[PDB]
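*Asks:* Below is the sequence, then the experimental coordinates.
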Amino acid sequence: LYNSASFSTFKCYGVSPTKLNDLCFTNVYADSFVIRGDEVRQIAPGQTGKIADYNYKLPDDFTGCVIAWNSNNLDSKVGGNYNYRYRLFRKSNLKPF
Amino acid sequence: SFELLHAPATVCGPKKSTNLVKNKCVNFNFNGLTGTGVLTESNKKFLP
Amino acid sequence: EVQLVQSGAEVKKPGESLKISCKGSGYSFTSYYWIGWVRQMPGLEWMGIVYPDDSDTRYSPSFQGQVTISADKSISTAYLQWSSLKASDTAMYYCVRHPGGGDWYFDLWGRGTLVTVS
Amino acid sequence: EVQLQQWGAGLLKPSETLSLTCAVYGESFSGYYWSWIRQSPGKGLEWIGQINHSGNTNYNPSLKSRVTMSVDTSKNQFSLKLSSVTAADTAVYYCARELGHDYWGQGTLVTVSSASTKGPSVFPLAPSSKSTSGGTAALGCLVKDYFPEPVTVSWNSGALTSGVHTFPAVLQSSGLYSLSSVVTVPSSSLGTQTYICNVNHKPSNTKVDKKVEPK
Amino acid sequence: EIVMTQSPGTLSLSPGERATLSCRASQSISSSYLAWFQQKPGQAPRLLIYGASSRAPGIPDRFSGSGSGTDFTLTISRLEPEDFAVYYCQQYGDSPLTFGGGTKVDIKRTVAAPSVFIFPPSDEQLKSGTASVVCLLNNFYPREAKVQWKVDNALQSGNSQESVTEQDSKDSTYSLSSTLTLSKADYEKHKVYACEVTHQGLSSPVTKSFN
Amino acid sequence: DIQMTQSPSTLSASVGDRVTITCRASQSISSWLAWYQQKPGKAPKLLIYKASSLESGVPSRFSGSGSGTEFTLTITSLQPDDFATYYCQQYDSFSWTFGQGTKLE
């Protein structure tokens, strides 16, 4: 993953990316989802958007990291992809995870 | 998300290795035993 | 009328380059779809697809035409880029467009051409 | 039904902090989002943010770095703080419920300027002789150099209320305001009647009376 | 930030007619989540139409809305005297609520002609060291007008400002006052001064001059 | 890849009769199905997209059903012009594999 080039963002928070290989953990969780371009800066521990509060709240004690890449070829039509939806209205903020 | 160690870990990266050169003096690591020497074929029969 | 049109049939000796061009017409916003070829063996085989705007290609595992298909901006020429072949297999092609964006079924077909080798 | 009552300071020096409060009556304060909307004469309606009783805040990304919101559940109030205020923040602020669509506050005007309170001044005017020859003339008093916006002007001690034009105040380079109040009269009335212009500036507690006479 | 753009801000039409207002969004609006607000002077905006098609409770039936995608329009069947206000768009289908620019509606009538009643600078202001002269206009329906100052037979700009009153309740006209400031030495140096009035209704280029 | 078995084969029936064909899947796919019409000497023609959804310009006798693995195409009334070949297609994974096909006469 680290040596790939299609990835647009690869910042890591608790662990440096150069020495990811030599570290053993109990479990690895991969959360996958699609968002828009301007909204990708909100996936970090501590944010105040509509995705960090109503869709994908992250804990402040985060240790993995986030990998985002543009996919305009797969998810696009000359009309629109109305199959991707987001939570716009809620009554309270989501708890982490 | 890398769930940190609370029980003994079971996931981490592969360990690389080199070729097996014989009949030359070479520093060697074989699953953690380290040393320098000349490695040659043997007629010893270790149990499994 | 939207249409994918191809040239005439052709036959040539082994070791000679074979190119097939499928032309998209009738609708605007071309090169924003996914264009590709399907092997016509009814006696049903899909090969890779190409996105003209960014020249991105996928390829089926079993079949591989080894084609870097590119389309010019003005003439929208999504011609097959195949400079070599082996006479053992017959690469019978129908050119097909994709709606894209999840609707990955084959919607627009072409009449196609008969390819004879050797 | 929900009744919204808001208050807060209106005059602010540059680089100060703006504080406004809004109070809710009539319905439940919990289980709702309360929003602040700003309206400027040069921009238009703008949405600042919103807060609910639990303390969760939604902010406009443009103002997110300068806007803070607080809620007091005991007395059913919510408040807005806008730090490092600038002259571009002069506007009318409303407190509304959710996106609006039902109920809005009355609105609080906020003026941000680095000028101190000053008293208005009246400049005399004289109609031209050509206006007298034509048949109609205009008599007007010009008020200048008062900083706080609200000022009242009347003529004939308020008796003459026909044809009175009071143009809106304009802001000058020095940071003060000025306006003019005019009345149209026949030229025949000239030379036989005496007029009067009266100005009342409440924030400076100033009352000025001028006797307007022909030419 | 879905930026909304509206039809021309000012449009004039006689009462008892139909009105159409356009509204465009830079991007598609989800589920036609568009709302129309009406604001009268001195009051907070009031909702008229939600969902781009429906009508809010208590709203008269003469307001209608229709549109989709990135194009919407509001229609008023008959304009009562109270229907003259400012109308705004609002999209609530995305994260930050965005409002439109706003469209104003006026009252149409016959074209009038401005009357000019200039006042020369007073002595008291000259004692204070500032000079003010006012090209004045009175009673003209078309708000669009131009006045240009001529000092030493040359164009003057950047030193004068204009103030226009609101539309009258019954006369439906406008009054404008343009004030130009010049230096005392400059005002003494030159002998001829003028303000020239160009208006579509009044063809003659009246150049009101004085010394 | 996806291995998809078209259990029905060359079938004979009179004109104006119910006909049902099935196209079993190796593993469940969430109604990501396409039915294609084929005639001898003619290019393949798109018939049905998204499992049970009729395309414009197609007679109403064709209908689709099935969720996950039991995908089926049913024609209520057979026609002389309906004697042709049907092709399966799936687009769950990127390796888009067709079906074996069925013959009608």
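*Replies:* That came through, no problem. Numbering: from 1, shown residues only, chains lettered A, B, ... in the order given.
*Asks:* Can you get me a residue count around whatever residue of chain F ends up closest to chain E?
*Replies:* Sorted by distance to chain E under C-beta to the nearest C-beta, the residues of chain F start with residue F:56, at 21.3 Å. Backbone N, C-alpha and C define where each C-beta goes, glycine included. Using other C-beta atoms under 10 Å in any protein chain shown, residue F:56 is surrounded by 4 other residues.
*Asks:* And residue F:47, by the same measure?
*Replies:* Every residue meeting other C-beta under 10 Å relative to residue F:47 is counted, giving 19.
*Asks:* Torsion angles phi and psi at the residue of chain B found nearest chain C?
*Replies:* Among the residues of chain B, residue B:14 lies closest to chain C, at 24.9 Å counting by C-beta to the nearest C-beta. The phi/psi pair for residue B:14 (degrees, to the nearest 10) reads phi -70, psi 160.
*Asks:* circling back to that earlier point, how would you label the residue of chain F closest to chain E: helix, strand or coil?
*Replies:* Three-state assignment for residue F:56 (DSSP: H, G, I helix; E, B strand; the rest coil): coil.
*Asks:* Would you mind measuring from it to residue F:49?
*Replies:* In this structure, residue F:56 lies at 11 Å from residue F:49, with C-beta to C-beta, to the nearest Å as the measure.
*Asks:* Show me which residues of stretch B:16-34 are buried.
*Replies:* Judged by neighbour count using 16 or more other C-beta atoms under 10 Å in any protein chain shown, stretch B:16-34 contains no buried positions.
*Asks:* if we look at that stretch, which residues are touching it?
*Replies:* For stretch B:16-34, the surrounding residues in contact (C-beta atoms under 8 Å, 6 or more residues apart in numbering or on different chains) are B:35, B:36, B:37, B:38, B:39, B:40, B:41.
*Asks:* which one of those residues has the most neighbours?
*Replies:* The most crowded member of the contacts of stretch B:16-34, judged by other C-beta under 10 Å, is residue B:39 (14 neighbours).
*Asks:* Quick check: residues of chain A near chain B?
*Replies:* For chain A, the residues in contact with chain B under the definition C-beta under 8 Å from any C-beta of the partner chain are A:14-15, A:20-29, A:31, A:62-64.
*Asks:* ChimeraX command for the buried members of those?
*Replies:* Burial among these is assessed by 16+ other C-beta under 10 Å; the matching ChimeraX selection reads:
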select /A:25,62,64
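*Asks:* Need the max-distance pair from the residues of chain A next to chain B.
*Replies:* Of all pairs drawn from the residues of chain A next to chain B, the one with the longest distance (C-beta to C-beta) is A:22 and A:31, at 24.1 Å.
*Asks:* before we move on, back to that, show me the residues of chain A next to chain B that map onto strands.
*Replies:* Where the residues of chain A next to chain B overlap with strands, as defined by DSSP state E, the overlap consists of A:27, A:28.
*Asks:* what's the burial count for residue C:29?
*Replies:* Residues lying near residue C:29 (other C-beta under 10 Å) number 7.
*Asks:* er, residue F:23 I mean
*Replies:* So residue F:23, with other C-beta under 10 Å, has 26 neighbours.
*Asks:* ok, it to residue F:38 distance?
*Replies:* For residue F:23, the distance to residue F:38 equals 14 Å [C-beta to C-beta].
*Asks:* do residue E:73 as well
*Replies:* As for residue E:73, its distance to residue F:38 is 48 Å (criterion: C-beta to C-beta).
*Asks:* what do you get for residue C:12?
*Replies:* 28 Å.
*Asks:* So which of these two has more stuff around it?
*Replies:* For residue C:12 and residue F:38, the more surrounded residue by other C-beta under 10 Å is residue F:38, and the numbers stand at 17 against 14.
*Asks:* hang on, the more buried one packs against residue F:45?
*Replies:* Yes - under the criterion of C-beta atoms under 8 Å, residue F:38 is in contact with residue F:45, at a separation of 7.2 Å.
*Asks:* In contact with residue D:129: list those residues for me.
*Replies:* When contacts are counted by C-beta under 8 Å, 6+ apart, residue D:129 is found next to residue D:215.
*Asks:* Which residues does residue E:106 form beta bridges with?
*Replies:* Using DSSP bridges, the beta-bridge partners of residue E:106 come out as residue E:12.
*Asks:* With residue D:182 instead?
*Replies:* Judged by DSSP bridges, the bridge partners of residue D:182 are residue D:140, residue D:165.
*Asks:* Show me which residues of chain C sit near chain F.
*Replies:* Neighbours of chain F within chain C, by C-beta under 8 Å from any C-beta: C:42, C:44-46, C:58, C:60-61, C:94, C:103-107, C:109-112.
*Asks:* Which part of chain D gets nearest to chain F, residue-wise?
*Replies:* Closest point on chain D to chain F, by C-beta to the nearest C-beta, is residue D:58, at 34.8 Å.
*Asks:* Name the nearest residue to the residue in chain E that chain B sits nearest to, ignoring sequence neighbours.
*Replies:* Using C-beta to the nearest C-beta, the single residue of chain E nearest to chain B is residue E:95, 25.5 Å away. Take residue E:95 and drop its neighbours on the chain: the residue closest to it by C-beta to C-beta, 6 or more residues apart in numbering or on different chains is residue A:50, 4.6 Å away.
*Asks:* what sits against the most centrally placed residue in chain F?
*Replies:* In chain F, the centroid-proximal residue (C-alpha atoms, centre = their mean) is residue F:35; its distance is 4.1 Å. Counting by C-beta under 8 Å, 6+ apart, residue F:35 touches F:47, F:48, F:62, F:64, F:73, F:86, F:87, F:88, F:89.
*Asks:* cool, and residue F:95?
*Replies:* C:60, C:61, F:1, F:2.
*Asks:* quick one: which of these is nearest residue E:66?
*Replies:* Of all these, the one with the least separation from residue E:66 (C-beta to C-beta) is residue F:2, at 46.1 Å.
*Asks:* The closest one: helix or strand, and which one exactly?
*Replies:* If you go by DSSP states H and E, residue F:2 is not part of any helix or strand.
*Asks:* Quick check: chain neighbours aside, which residue is closest to residue D:167?
*Replies:* residue E:163 (4.2 Å).
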